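Structural features, examined
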Amino acid sequence: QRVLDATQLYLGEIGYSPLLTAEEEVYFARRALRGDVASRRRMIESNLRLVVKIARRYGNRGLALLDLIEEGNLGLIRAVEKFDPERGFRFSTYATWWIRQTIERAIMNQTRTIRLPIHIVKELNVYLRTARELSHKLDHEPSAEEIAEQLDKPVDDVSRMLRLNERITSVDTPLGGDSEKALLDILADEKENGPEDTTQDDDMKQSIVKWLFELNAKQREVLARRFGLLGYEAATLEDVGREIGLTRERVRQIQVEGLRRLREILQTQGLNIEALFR
Amino acid sequence: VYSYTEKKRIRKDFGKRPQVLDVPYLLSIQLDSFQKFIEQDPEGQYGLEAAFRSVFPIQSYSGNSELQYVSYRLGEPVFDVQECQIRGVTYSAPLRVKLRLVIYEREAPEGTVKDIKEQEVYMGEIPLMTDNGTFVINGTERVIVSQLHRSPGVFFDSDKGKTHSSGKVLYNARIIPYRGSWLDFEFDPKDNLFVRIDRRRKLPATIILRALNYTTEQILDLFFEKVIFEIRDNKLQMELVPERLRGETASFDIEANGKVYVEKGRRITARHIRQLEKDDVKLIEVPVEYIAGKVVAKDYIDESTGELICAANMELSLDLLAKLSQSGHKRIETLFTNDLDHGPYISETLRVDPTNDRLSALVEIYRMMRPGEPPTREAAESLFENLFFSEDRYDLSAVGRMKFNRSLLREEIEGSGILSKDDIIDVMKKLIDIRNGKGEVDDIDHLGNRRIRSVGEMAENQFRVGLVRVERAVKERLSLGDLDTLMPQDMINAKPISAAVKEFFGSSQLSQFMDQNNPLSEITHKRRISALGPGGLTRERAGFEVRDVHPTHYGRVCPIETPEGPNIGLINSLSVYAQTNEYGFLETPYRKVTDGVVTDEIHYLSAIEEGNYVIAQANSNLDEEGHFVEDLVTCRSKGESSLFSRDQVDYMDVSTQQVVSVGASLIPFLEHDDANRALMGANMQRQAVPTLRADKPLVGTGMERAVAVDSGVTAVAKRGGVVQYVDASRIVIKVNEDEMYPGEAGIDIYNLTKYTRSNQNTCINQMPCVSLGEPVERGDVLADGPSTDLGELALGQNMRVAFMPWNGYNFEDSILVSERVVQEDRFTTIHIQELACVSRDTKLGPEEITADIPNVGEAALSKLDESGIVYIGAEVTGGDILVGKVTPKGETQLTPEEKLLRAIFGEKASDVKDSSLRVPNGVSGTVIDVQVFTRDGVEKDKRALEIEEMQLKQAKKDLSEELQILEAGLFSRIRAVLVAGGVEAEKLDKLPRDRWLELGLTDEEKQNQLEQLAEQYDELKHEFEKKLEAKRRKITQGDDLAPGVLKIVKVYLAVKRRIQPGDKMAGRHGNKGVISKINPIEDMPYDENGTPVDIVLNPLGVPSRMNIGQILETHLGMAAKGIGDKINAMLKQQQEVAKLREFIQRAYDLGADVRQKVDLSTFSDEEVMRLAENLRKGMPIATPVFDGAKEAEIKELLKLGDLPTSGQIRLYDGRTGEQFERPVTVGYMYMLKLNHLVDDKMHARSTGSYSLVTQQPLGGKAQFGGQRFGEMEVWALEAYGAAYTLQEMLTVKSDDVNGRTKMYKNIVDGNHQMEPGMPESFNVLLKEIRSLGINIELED
């Protein structure tokens, strides 16, 4: 009766295959590459300990251990898919490339909550390696300017790539140490208007409709279809030229006339440009 | 005799006990711990050398390569504390660790190295502790609070609870190291002894005996003793020790040599033992019933074949006796067992033990600790050895080994830091004896079982935590890959170590902000003894024992200074004189009583050493030789007090202050207050806001001056001398001659701190107290800090008070305040806030800074300059623009109402939105400072160029001032050289200062002292230019901002807050209360001379809260103020300095048997004048804590003035002028002002911003949020018939998203209806329960 966690069961399980010799590996691959599935099963089933050994080094990155092991397993399956015994090489040297690269791409993919692509993460790792080598020369933290100096790249590019290393925080962590205040208590719903701005808009809409019906009909139909306001669509002066009043210049004229009348009507209620626009 | 700071205002002292020890320098703990930490300790004992030589050398995975440590060194900080508080960075220093990577050769186990390479590497950056005990971490100022944790080593706790349903006690040892796995040895209710390791399952404790390679005969042989029997072919005879019959019962006749000692039915008393030791009998006979249950000690094999007749730990049976005899054995070993003295607990536990061999014991520990996975031969014992016997994973301490070997009574106090076999066997034997009765259990609260960790200890622990991860990474780099000739500069990553030490200093539990709104608050934050944090308990599981006070706290920890609340007695404060041991337990001074006299050999006694002797009390009268006045003198021996004879005592206390802390050593008449009100007074005295002009305590304690000096808030002179020049911000001391070192020409320049903010946004500001041309001495105070006055602590302002109930306005704890208080601006504190405005680089583009902001008129843009920042000195208020920040945006797609509006007014749309830093609502201050930071490469505008021009001119003027006034002192000392031996009284004045330091003298040291001051001045000549270019490039460089932010503009408002109804005030005795009416000058009651009293206080708060000390504080305040007004009357008319000397000397004479006899005949008629001008507002009176001022001295003081001896005068009413009946108590209580200011408390929200996930309002007053209507208030509304109020409260005032806009539009359209709907949080709960596999649905 094993203790039932996933890691102990797996690591106890993988030892049930004897490691293969070189001629043994070559013969199993010869049987495997012509379509005998048992040979594939034996080759992948034996070298699992290689995957645990390789993915042992990639620990304490963003992924947990068994995630690294299982992603190395995919590359191992790719490795027996494309192994050649005809080069005479030991299998471990060829599979090490595939397993190491498919755990490296796993850490580049499934770590950041906002998924950065491969080349951005390689470019950021270039800069972090440069900063780690630059910190021993000036015994302080190398700046964005310092990394841009040592690589002779533009300062805005290195600044952007380091700002894409944000380490996106949680919300549910409390603030100030005392466990009473997380970011849900601090953050405000910014897109949703409260009742104040939501009633100002409706009162402004009804006031606009009231002032427009206070204006005469020919002006307000131009000013209604002109902006799509009074149940209309926002039309062009050329469009309402062909639709209502054939002289486009007269449509501009009646628009300016209606705007002047509405300027007077608004300023009679004390709403000037200082009133509506501070 | 007195210093020239004490000839200003000498505070009258009522101390009767002659003091012996000074108050020690109050910040010794923090400074001494960090001095132990960052220090080149030549042996590996303290701090960094200890941590390095602990974890280094790191070797490879036997890869013939080893990384060793050579030496380290610390860098210079690039930013001092002022520049790094401005700049927002830490105040750190880098450690360039010199390392060396060795490569062992192949075929060379301890052969030579082919390749070694020394390379000085960097790692980490340790924040240096400043000169007061504070750090600077990210611009702020943090104080690492010292922690009191349980001392490592053995700990024989009992259980002492029921825990059995029979009430038996079950003793358990516990072995705590500083680092390593724990170990218990608990008893079981069946008297089984059960080990457990790190609180895993209980296994039988003989398993770990077998794991130490002990067979069962040795396991019996350690814990038991032998009873060799005898077979004289029969008779089952017994070799007798007579003391084995202690309490035993003889059911036979114990007979030897045919002589009768004990009989059947006669129990074996000690008289038979006396008969036996008279008769000296070795061998006796016992019947066949005797060896029916004796348990054998060794494996008795057969005599013939060696077959096992009986294995060890087997009871002897009669057939076993016959088989053993017929085999041919004669002598039989067994165990002396007993139910009183030697219980066979190891024997019974050996029976219940399911193990038989050492290897099986190792397998059993492996299947306990790391379960499931099967062990090898090697991995089981490897786990067991790495548990308790490895220098890497087990380390008791030096302290743990000391407490260990002192707890099991060993003569050494040092040894191996890991366990051994005899250590565990001794702990087991002591636990067994503790069961049998011999030996007593300990207690955790006893301060001989509680250490003190500090900044050095915990910082070194964090440094070790960084270095073990660097050891893991170095072992990863070393054995893998190569050998290489690679250098040790890339194998070590700086960021883990920096991450660890910054994670400690930045945000630990104990890395707290300095509560910087007093001097007192700073000191009592630094001298904090908290028991929380790493390795310490929490508030939830802190039982009533560690909250409690102990009989060992006396002299170590204050009993009345702990914050009430959830952590009472976990945040204890250190006593005044309480030192700290070599190991860390709090030791306290005591002066040794010799044969009969109190010799002043002040010995510091720790806790466990205190528990032996017989210590007297500070209130034991001494007959001026040293003997005690009485013949029997009260004292305390072992926790309990007594009344011992006066030759019996062994020590006397040092002073009356040594129990209380520094905070509670400032309450006058402490011993008259109850302990609760003294606790509240001590907790409230460290929240007093430093006012506009701090006054004095008219009733002081004498520790005012020591607390004021011993904090870092004032500017004390370092070398005494004549003041040369005092400005409002700088002081130039010219040093006296003998105290001047001959190299420099000493002119000390003290630059004060002016109007900068605290952590709590108060005005930390230093004003000079001295005048020009005044001689000051060493240690003399030059500039008062905040809340100081002439180098005394003045937290508050002392006011004419009265105790009477006035018309209900001072009902519960409310407080009237006369309007003449706020006319005089006695409590007008200054608050300085800081507002910031970052200009990030958004993806739409950079946020600019300019003063062309859309949709705002000229009425707000008047106050900014053309560069978008406000003017310094501008009187800004609620809502005005400080820094105009335009922010770009795109894809506006305006609604047609705003399109029609902008077409009506002809207004253009604005692609830039407005995110200007405006003032918050309510605060109306005065902009005193604008600090503009810029990322390098960004162009400075006109304002930042102006500020950099100003700062450069200031720094250039600063270096020119230091060079020029240092040149003035230089040629002054050159002239002092040039008046001896080649004196040129006018010829030196003839040729100019080019040749004064090159003038011809005799063949003395002064000729090459002219050349010494000459090369001094040429050194200054190059230093001025080089440091000038240093400061210029340091100013004009870029900044180290965050990634993405271009410029940060900080604008410092300064509000001068008045006092008003709502503001909370307090006395020093827990007489707090929010003031309630600013009464005018006429309505406040007046005595028959015309003076309105300033604060009317409620009397009934006295005799229920029992802080009767404030009545005497009020009376002595009236006494001292009477003396001040008598001197003021003698000074109004110009009387004489002679009669003034007569009166002031008479005021210093009374009362009886006081120290500091001050003889005014040595004052030279200017210091009497200058002393009178300082006393004229009231003669300040020192009343020490438990030395006190007896009331007859107060009565004689009140009779020295013309005051009535009751302290009770006839107040008249304000509004009528009818005299009050029953005349009232008026005097001068020193009232404080706390920062529970009502303008920081008052808040109201109609409709603001709702939270994100659930549409509900936000938190208090910072996001403009609604008050929480919690579930108890819901029960309160349900408890009425109120349903509609509750429904609208949790539906439409709060949560129904479509509901509350309809509620608002119903309100503004004059109809108070509601269309409630369903709260949004319940829809959230619906979708959350349903996002499990739980179809929850609303049905109808």
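Here every chain is numbered from 1 following its written sequence, which may not line up with the entry's numbers; residues without coordinates are dropped from view. Think of it this way: whatever chain is written first is A, whatever ligand is written first is 1, and the rest follow in order. What is shown is a subset of a larger assembly, and the numbers refer only to that subset. In computing side-chain values, all of the structure's heavy atoms are included and hydrogens and water are not. Residues with missing side-chain atoms are left out of burial classes, side-chain pairs and their counts.

As recorded in the entry header, the structure was determined using cryo-EM to a resolution of 3.26 Å.

Some points on the overall build of chain B
The helix and strand labels rest on DSSP assignments: H or I over at least four residues marks a helix, E over at least two residues marks a strand, and numbering proceeds from the N terminus. A count of helical and extended segments in chain B gives 34 helices and 55 strands. Each residue is assigned to one of three classes by its accessible area relative to the maximum for its type, calculated with a 1.4 Å probe on protein chains only: buried under 20%, partly exposed between the two thresholds, exposed over 50%. Taking all 1340 residues of chain B together, 50% fall into the buried category. Long-range pairs, those at least 24 residues apart, make up 69% of the contacts in chain B between residues at least 6 apart in sequence. Summing over all exposed atoms, chain B offers an accessible surface of approximately 62,500 Å²; the carbon and sulfur share of this is 50%. Distance from the positive charge centre (170 side chains) to the negative charge centre (213 side chains) of chain B: 2 Å. Residues count as neighbours in contact if any of their non-hydrogen atoms are within 4.5 Å of one another. The method behind every accessible area is Shrake-Rupley, applied with a 1.4 Å probe, and residues are considered shielded solely by the protein chains displayed. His residues and chain termini do not enter the charge count, which takes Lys and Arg as positive and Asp and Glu as negative. Taken as the charge centre is NZ of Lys, CZ of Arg, CG of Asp or CD of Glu, depending on the residue.

Considering the packing of helix α7 (residues 118-138) of chain A against helix α8 (residues 144-151) of chain A
All names here are of chain A. The N-to-C vectors of α7 and α8 enclose an angle of 100°; their axes lie 10 Å apart at closest approach. Taken together, the axis directions place α7 and α8 in an arrangement best described as roughly perpendicular. Judged by residue contacts, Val126, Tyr127, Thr130, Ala131, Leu134 and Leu138 of α7 engage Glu146, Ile147, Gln150 and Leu151 from α8. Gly is placed with the polar residues, together with every amino acid not listed as nonpolar (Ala, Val, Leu, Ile, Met, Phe, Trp, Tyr, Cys and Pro) or charged (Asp, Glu, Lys and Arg). Grouping the amino acids of the contact of α7 with α8 by side-chain chemistry returns 7 nonpolar, 2 polar and 1 charged. Note on method: axes are straight lines fitted to C-alpha atoms, helices fitted across the in-contact stretch only, with angles between N-to-C directions ranging 0 to 180 degrees. Orientation categories follow fixed angle ranges, with anything under 35 degrees roughly parallel, anything over 145 roughly antiparallel, 65 to 115 roughly perpendicular, and all other angles oblique.

Re the nonpolar core
Residue and element names in this part refer to chain B. Definition used in this section: a nonpolar core is a set of buried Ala, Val, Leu, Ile, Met, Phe, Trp, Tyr and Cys residues joined via side-chain atoms within 4.5 Å. In terms of nonpolar packing, the biggest core is built from 55 residues, with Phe185 and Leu193 touching the most fellow members. In terms of residue count, the dominant contributor to this core is helix α12 (residues 421-436) (7 residues). Aside from chain neighbours lying at most four places away, what touches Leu193 is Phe185, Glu186, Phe187, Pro204, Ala205, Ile346, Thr349, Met428, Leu431 and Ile432.

Thoughts on helix α11 (residues 195-214) of chain A
Here α11 of chain A contains 20 residues, and its C-alpha end-to-end distance of 28 Å stays within 8% of the 28 Å for a straight helix at 1.5 Å per residue. Within α11 of chain A, burial applies to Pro195, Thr199, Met204, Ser207, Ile208, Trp211 and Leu212 of chain A. Buried residues along α11 of chain A sit in contact with α12 (217-227) and α14 (248-268) of chain A together with α21 (896-904) and α33 (1297-1308) of chain B. In this scheme, a helix's expected span is set at 1.5 Å multiplied by one less than its residue total.

As for the sheet that holds strand β31 (residues 730-735) of chain B
All names here are of chain B. The strand order β32-β31-β30-β36 describes an open sheet built from 4 strands, whose pairing is antiparallel. In this open sheet, the two edge strands, each paired with only one partner strand, are β32 (747-751) and β36 (775-776). For two strands to be treated as a pair, DSSP must find no fewer than two bridges joining them. Sheet topology places β31 next to β32; 5 bridges connect them, and they run antiparallel. When the sheet's bridge partners are listed, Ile733 is paired in β32 with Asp748. The strands touched by helix α22 (residues 942-977) within the sheet are β31 and β32, with β31 carrying the most contacts at an inclination of about 20°.

Let's talk about the sheet that holds strand β35 (residues 767-768) of chain B
All names here are of chain B. Read across the sheet, 3 strands follow the order β29-β37-β35 without closing on themselves; strand pairing throughout is antiparallel. Sheet topology places β29 (715-716) and β35 at the edges, where each strand pairs with a single neighbour. Two elements, β29 and strand β37 (residues 781-784), share 2 bridges in a ladder whose sense is antiparallel. Each bridged residue has a counterpart across the sheet, and for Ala715 the counterpart in β37 is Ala783.

Structural notes on α7 of chain A
Given a rise of 1.5 Å per residue, 21 residues ought to cover 30 Å, and the 31 Å separating the end C-alpha atoms of α7 of chain A matches this to within 8%. Where α7 of chain A is buried, its residues meet α6 (91-109), α8 and α9 (155-163) of chain A together with β4 (92-104), β5 (113-127) and α14 (494-506) of chain B. Just downstream of α7 of chain A lies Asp139 of chain A, where phi reads positive at about 45°.

Re the UniProt feature "DNA-binding region" (unreviewed entry) in chain A
UniProt positions are given in the numbering used here, feature names are shortened, and annotations may be inferred rather than shown by experiment. Feature annotation in UniProt assigns "DNA-binding region" (unreviewed entry) to the following positions: residues 237-256 of chain A. The distance from the first to the last C-alpha atom of residues 237-256 of chain A is 12 Å, and the span holds 80% helix and 0% strand.

What to know about the pairing of strand β41 (residues 815-818) of chain B
Residue and element names in this part refer to chain B. Neither face of β41 is exposed, since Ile815 and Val817 on one face and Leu816 and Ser818 on the opposite face are all buried. With 4 bridges joining them, β41 and strand β51 (residues 1072-1079) adopt parallel strand pairing. Following the sheet pairing, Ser818 is matched in β51 by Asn1079.

Some details on the pattern of salt bridges
Residues and elements named next belong to chain B. Salt bridge, as applied in this entry: a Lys or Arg side-chain nitrogen positioned within 4 Å of an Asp or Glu carboxyl oxygen. All chains considered together, the criterion is met by 67 salt bridges over all chains. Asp423 is the salt-bridge partner of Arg401, the closest N and O atoms lying 3.4 Å from each other. Here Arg401 is found in helix α11 (residues 398-407), whereas its partner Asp423 is found in helix α12, with 22 residues between them in sequence. Residue class for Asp423 comes out buried when judged on its relative accessible area of 3%. As a salt-bridge pair, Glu1166 and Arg1170 come within 3.7 Å of each other at their nearest N and O atoms. When its relative accessible area of 38% is taken as the criterion, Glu1166 is described as partly exposed.

Focus on the side chain of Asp423 of chain B
Any pair of nitrogen or oxygen atoms within 3.5 Å is treated as a polar contact; in protein, a donor-acceptor pairing is required on top of that, and neighbouring residues in sequence qualify only through side-chain atoms on both sides. At 2.6 Å, the side chain of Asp423 of chain B forms a polar contact with the backbone nitrogen of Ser420 of chain B. The residues touching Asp423 of chain B, leaving out its near neighbours within four places in the chain, are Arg401, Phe404, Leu408, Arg410 and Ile418 of chain B.

Here we look at a nonpolar patch on the surface
On the surface, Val171, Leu184 and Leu187 of chain A together with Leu1252 and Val1253 of chain B cluster together into a nonpolar patch covering about 350 Å² of accessible area. Along the chain, the position of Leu1252 of chain B falls in the loop between α30 (1238-1241) and α31 (1271-1279). Looking at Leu1252 of chain B, the relative accessible area reads 38%, which means it is partly exposed. The patches reported here contain residues having more than 30% relative accessible area and no salt bridge. Joining distances are 9 Å for like charges and 5 Å for nonpolar side chains (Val, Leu, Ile, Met, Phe, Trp, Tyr).

Focus on the pairing of strand β9 (residues 172-176) of chain B
Residue and element names in this part refer to chain B. In terms of burial, β9 is a largely internal element, 5 of the 5 residues being buried. Going residue by residue along β9, you find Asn172, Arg174 and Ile176 tucked away on one face and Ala173 and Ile175 tucked away on the opposite face as well. Pairing of strand β8 (residues 153-154) with β9, which is carried by 2 bridges, proceeds in the antiparallel orientation. Within β9, the position partnered with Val154 by the bridge is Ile175. As judged from the 3 bridges shared by β9 and strand β10 (residues 184-187), these two strands associate in the antiparallel manner.

Here's the deal with the interface of chain A and chain B
Counting residues at the interface gives 44 residues for chain A, matched by 46 residues for chain B. Every element with two or more residues in the side of chain A that touches chain B is listed here: α7, α9, α10 (183-186), α11, α12, α14 and α15 (273-277) of chain A. With 10 residues, the top contributor of residues to the side of chain A that touches chain B is α11 of chain A. Per-class residue counts for the side of chain A that touches chain B are 20 nonpolar, 9 polar and 15 charged.

Description of the packing of aromatic side chains
For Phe, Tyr and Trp, where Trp contributes only its six-membered ring, two rings pair if their centres lie within 6.5 Å, and the inter-plane angle classes them as stacked under 30 degrees, edge-to-face over 60, or tilted in between. Under the counting rule described, the total for this entry stands at 22 aromatic pairs over all chains. Here the aromatic residues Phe34, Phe37, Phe135, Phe504 and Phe505 of chain B are joined through ring pairs into a cluster of three or more. Cation placement over rings: the criterion is NZ of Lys or CZ of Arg within 6 Å of the ring centroid and within 35° of the ring normal. The ring of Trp97 of chain A has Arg100 of chain A lying over it, and the distance from NZ or CZ to the ring centre is 5.3 Å. The side chain of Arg1300 of chain B reaches across the aromatic face of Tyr1250 of chain B, ending 3.6 Å from its centre.

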